[PDB]
There are 2 protein chains.
Amino acid sequence: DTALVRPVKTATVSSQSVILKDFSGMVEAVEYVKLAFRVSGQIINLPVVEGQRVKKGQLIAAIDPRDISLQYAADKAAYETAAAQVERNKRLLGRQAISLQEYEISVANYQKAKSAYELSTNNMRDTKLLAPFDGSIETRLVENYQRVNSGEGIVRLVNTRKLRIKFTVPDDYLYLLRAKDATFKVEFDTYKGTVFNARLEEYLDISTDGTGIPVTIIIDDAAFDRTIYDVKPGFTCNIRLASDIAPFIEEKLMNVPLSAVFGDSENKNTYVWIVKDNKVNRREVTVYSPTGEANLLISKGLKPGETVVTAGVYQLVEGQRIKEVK
Amino acid sequence: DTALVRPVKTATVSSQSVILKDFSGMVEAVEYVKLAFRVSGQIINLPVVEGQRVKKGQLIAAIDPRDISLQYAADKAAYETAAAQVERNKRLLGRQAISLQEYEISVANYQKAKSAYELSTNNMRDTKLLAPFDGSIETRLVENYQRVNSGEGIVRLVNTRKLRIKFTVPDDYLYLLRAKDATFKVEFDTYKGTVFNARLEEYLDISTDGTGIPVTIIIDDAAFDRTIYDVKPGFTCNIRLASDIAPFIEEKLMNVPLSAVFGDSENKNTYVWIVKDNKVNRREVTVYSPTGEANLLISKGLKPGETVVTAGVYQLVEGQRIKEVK
């Protein structure tokens, strides 16, 4: 019956002109960026941990702003006094009430005060070390309440904006890489069963050198959640390249093995068994034929002039009598 | 069982590159040759009848040789006397025993006697009218013991050495007539079921004029016995032209409709039913495949990515559970 499970060989229906190739690739190494303060001080906040995913602008660490804050307020006051004194002297010189010498001294003093206040403004901002890009904390190099200098490594942050995959394509497959709208689908060996769309980043094309075509692709798929799919440099994967080498074809033809197609004792129709949820269902198909009824080329087993049955093949046994009908 | 007669549609196995064309043709008219005596006389023998097949040299009619025989014997004697008299005079002149005048008269007399004897020798031979070629007596124009003149029709003899068939081939089929070793097989409408080989006699090739290619062929077959197959001018027939347009092909391929080929539930082999003496017998065939297993192009009924069964198609029913095996 239908409950009797039958072992069957199967195949996937393929578009005549779509070429498919599988390549082995690897997730590219990423350069760890050493994050450091631009000022010296004592860390008073280290709110991130190793493995944490951070966003651009997020706080990594902060130093005690006490001393820098004191210099800032003193440089602020000195700037405000120098600025007020130059504006006053502009008015005094404009009516010739002061010497140019005295005015010049006040301009030079203002730039000195301005430069000092600009430096303290930067030092104040630099008490908070922020993530320069979206990334992950690879390593925490310091401890909280530890004293550090400028340029001293605080954390190692790896950029996670792009997941790059490198593979090499045989030189003879350059036409497949050049085909319009060629697609790339990635399946990671560590996460088999889930396929992700990828886009071309670049490929080195010097087919002349016979050394293969190095290709770089980037994962470009909304389903690629790195909190779920933890892919690291060195991880291997399969890259499926799909190229339609004849997109101009009007009526698209499908490939199926001859052994998939069968007839009916009641008609001249052709069928296949479609496999859906490990069950079969009959499907009527039209075999491509240029003129009239589909014909086969036979390389062995027949001589010209012999007579074969073309209708009624399922209702016959060896040696059975027949009547030829039109 | 095998005794249960099943109606079946069939086809003939055809060689991939052999082109076959059928043309309607007609047996060409033959010119009747009027046979006549070269002498005048009374017919004393008319041994042939209408419809009789005669050979070259065979007697058609004879006139009473009596009078011509009398002239022959008189001209023979006159020639023999004139010949003896000139040989004598050659010897006499050679020793100057006779005048040149007398010798000359005897030479002139000899040629006169010779010419008279040559004419009576021909008239004697011409008392028997013979068939100038192998043919058939279309009409007997005279009766025995009837008196006739020279040139008076005795019989109408039609030449039967060649059976010519004319047909016209469409101009677009010139390449089929030019193909090396193209063959012609004739089947007469009056004698259907028997096919005769024919050879090319000639064809008018001015494809430029767009008026068809008039072709003449001649029956060239030992089985063509005109005593059995009585074919006459105006008789129609079928001309089968067979041309191998790709004789260079190493492994010859045969055409069969797809509907002729079937599998086995126990193996991956392909078969046909061969029809011999209105009975069928299974025949294993090899379907031509360039790389691997034979594939079909499907124009309707499938989408890319669907799964079809390729082995186990005969042991399944609608909705049956399966297990995909490698």
# chains A, B, ... in the order shown; residues from 1 in each chain; ligands from 1

$ closest_atom_pairs --of "range 18-90 of chain A" --to "range 126-141 of chain A" --cutoff "9 Å" --atoms "only C-alpha atoms" --output "Markdown table"
| residue | atom | partner | partner_atom | distance |
| --- | --- | --- | --- | --- |
| A:32 | CA | A:138 | CA | 7.8 |
| A:35 | CA | A:129 | CA | 8.0 |
| A:36 | CA | A:129 | CA | 7.3 |
| A:37 | CA | A:129 | CA | 6.0 |
| A:38 | CA | A:126 | CA | 6.1 |
| A:39 | CA | A:126 | CA | 6.4 |
| A:40 | CA | A:127 | CA | 8.6 |
| A:41 | CA | A:127 | CA | 8.2 |
| A:48 | CA | A:137 | CA | 7.7 |
| A:49 | CA | A:137 | CA | 6.8 |
| A:50 | CA | A:137 | CA | 5.0 |
| A:51 | CA | A:137 | CA | 5.2 |
| A:52 | CA | A:137 | CA | 5.5 |
| A:53 | CA | A:136 | CA | 4.4 |
| A:54 | CA | A:135 | CA | 5.4 |
| A:55 | CA | A:134 | CA | 4.1 |
| A:56 | CA | A:133 | CA | 4.1 |
| A:57 | CA | A:131 | CA | 5.1 |
| A:58 | CA | A:130 | CA | 5.4 |
| A:59 | CA | A:130 | CA | 4.6 |
| A:60 | CA | A:130 | CA | 5.3 |
| A:61 | CA | A:129 | CA | 5.2 |
| A:62 | CA | A:128 | CA | 4.5 |
| A:63 | CA | A:127 | CA | 5.2 |
| A:64 | CA | A:127 | CA | 7.2 |
| A:65 | CA | A:127 | CA | 6.0 |
| A:68 | CA | A:127 | CA | 8.3 |

$ residues_around --residues "residue 8 in chain B" --least-positions-apart "3" --cutoff "9 Å" --atoms "only C-alpha atoms" --output "PyMOL selection string"
chain A and resi 309-313+322-326

$ write_last_selection --atoms "N, CA, C and O atoms" --output "mmCIF file, in the first residue's frame"
data_model
loop_
_atom_site.group_PDB
_atom_site.id
_atom_site.type_symbol
_atom_site.label_atom_id
_atom_site.label_comp_id
_atom_site.auth_asym_id
_atom_site.auth_seq_id
_atom_site.Cartn_x
_atom_site.Cartn_y
_atom_site.Cartn_z
ATOM 1 N N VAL A 309 7.154 -1.469 -31.333
ATOM 2 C CA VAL A 309 5.842 -1.023 -30.835
ATOM 3 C C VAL A 309 6.020 0.423 -30.301
ATOM 4 O O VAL A 309 6.967 0.659 -29.566
ATOM 5 N N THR A 310 5.119 1.360 -30.637
ATOM 6 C CA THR A 310 5.193 2.751 -30.161
ATOM 7 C C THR A 310 3.990 3.129 -29.258
ATOM 8 O O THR A 310 4.007 4.192 -28.640
ATOM 9 N N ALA A 311 2.942 2.298 -29.237
ATOM 10 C CA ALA A 311 1.730 2.464 -28.404
ATOM 11 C C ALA A 311 1.178 1.086 -28.065
ATOM 12 O O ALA A 311 0.989 0.252 -28.950
ATOM 13 N N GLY A 312 0.979 0.860 -26.783
ATOM 14 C CA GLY A 312 0.509 -0.402 -26.220
ATOM 15 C C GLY A 312 1.628 -1.183 -25.550
ATOM 16 O O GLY A 312 1.461 -2.371 -25.287
ATOM 17 N N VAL A 313 2.761 -0.526 -25.232
ATOM 18 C CA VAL A 313 3.941 -1.210 -24.666
ATOM 19 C C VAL A 313 3.697 -1.808 -23.272
ATOM 20 O O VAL A 313 4.409 -2.751 -22.920
ATOM 21 N N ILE A 322 0.045 -9.686 -31.869
ATOM 22 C CA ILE A 322 -0.453 -8.321 -31.943
ATOM 23 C C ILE A 322 -1.188 -8.098 -33.248
ATOM 24 O O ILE A 322 -1.069 -8.890 -34.187
ATOM 25 N N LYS A 323 -1.859 -6.942 -33.349
ATOM 26 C CA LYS A 323 -2.436 -6.485 -34.593
ATOM 27 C C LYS A 323 -1.960 -5.052 -34.758
ATOM 28 O O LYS A 323 -2.158 -4.225 -33.860
ATOM 29 N N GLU A 324 -1.274 -4.773 -35.863
ATOM 30 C CA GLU A 324 -0.792 -3.431 -36.133
ATOM 31 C C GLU A 324 -1.978 -2.566 -36.537
ATOM 32 O O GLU A 324 -2.744 -2.954 -37.423
ATOM 33 N N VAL A 325 -2.201 -1.452 -35.814
ATOM 34 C CA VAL A 325 -3.328 -0.545 -36.094
ATOM 35 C C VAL A 325 -2.759 0.851 -36.400
ATOM 36 O O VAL A 325 -1.663 1.175 -35.938
ATOM 37 N N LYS A 326 -3.488 1.657 -37.191
ATOM 38 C CA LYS A 326 -3.040 3.002 -37.580
ATOM 39 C C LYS A 326 -3.414 4.044 -36.506
ATOM 40 O O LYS A 326 -4.601 4.116 -36.116
#

$ select_by_dssp --residues "range 214-315 of chain B" --states "strand (DSSP E or B)" --output "ChimeraX atom specification"
/B:214-219,236-244,254-257,262-264,267-276,279-287,295-300,307-311

$ select_by_dssp --residues "range 136-198 of chain A" --states "alpha helix (DSSP H)" --output "list in words"
residues 174, 175, 176, 177 and 178 of chain A

$ write_last_selection --atoms "N, CA, C and O atoms" --output "mmCIF file, in the first residue's frame"
data_model
loop_
_atom_site.group_PDB
_atom_site.id
_atom_site.type_symbol
_atom_site.label_atom_id
_atom_site.label_comp_id
_atom_site.auth_asym_id
_atom_site.auth_seq_id
_atom_site.Cartn_x
_atom_site.Cartn_y
_atom_site.Cartn_z
ATOM 1 N N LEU A 174 36.437 31.167 -15.358
ATOM 2 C CA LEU A 174 36.330 32.618 -15.424
ATOM 3 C C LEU A 174 34.990 33.060 -16.054
ATOM 4 O O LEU A 174 34.397 34.028 -15.572
ATOM 5 N N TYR A 175 34.510 32.348 -17.108
ATOM 6 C CA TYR A 175 33.238 32.677 -17.787
ATOM 7 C C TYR A 175 32.049 32.584 -16.819
ATOM 8 O O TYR A 175 31.096 33.354 -16.944
ATOM 9 N N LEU A 176 32.131 31.682 -15.820
ATOM 10 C CA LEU A 176 31.061 31.553 -14.837
ATOM 11 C C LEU A 176 31.071 32.742 -13.894
ATOM 12 O O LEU A 176 29.997 33.199 -13.532
ATOM 13 N N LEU A 177 32.261 33.267 -13.524
ATOM 14 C CA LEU A 177 32.357 34.453 -12.669
ATOM 15 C C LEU A 177 31.916 35.719 -13.408
ATOM 16 O O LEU A 177 31.389 36.631 -12.785
ATOM 17 N N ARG A 178 32.149 35.778 -14.725
ATOM 18 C CA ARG A 178 31.778 36.920 -15.549
ATOM 19 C C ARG A 178 30.273 36.911 -15.929
ATOM 20 O O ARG A 178 29.759 37.958 -16.309
#

$ residues_around --residues "residue 246 in chain B" --least-positions-apart "6" --cutoff "12 Å" --atoms "only C-alpha atoms" --output "list in words"
residues 15, 16, 17, 18, 19, 175, 176, 179, 180, 181, 182, 252 and 253 of chain B

$ residues_around --residues "residue 293 in chain A" --least-positions-apart "4" --cutoff "8 Å" --atoms "only C-alpha atoms" --output "VMD selection string"
(chain A and resid 289) or (chain B and resid 257 to 258)

$ residues_around --residues "residue 314 in chain B" --least-positions-apart "4" --cutoff "9 Å" --atoms "only C-alpha atoms" --output "list in words"
residues 262 of chain A; 263, 264 and 265 of chain B

$ atom_distance --atom1 "CA of residue 244 in chain A" --atom2 "CA of residue 202 in chain A"
19.7 Å

$ residues_around --residues "residue 186 in chain B" --least-positions-apart "6" --cutoff "9 Å" --atoms "only C-alpha atoms" --output "list in words"
residues 194, 195, 196, 197, 198, 219, 237, 238, 239 and 240 of chain B

$ residues_around --residues "range 109-116 of chain B" --least-positions-apart "4" --cutoff "7 Å" --atoms "only C-alpha atoms" --output "list in words"
residues 75, 78, 79, 82, 83, 105 and 120 of chain B

$ closest_residue --among "B:149, B:227, B:81, B:307" --to "residue 281 in chain A" --atoms "only C-alpha atoms"
B:307
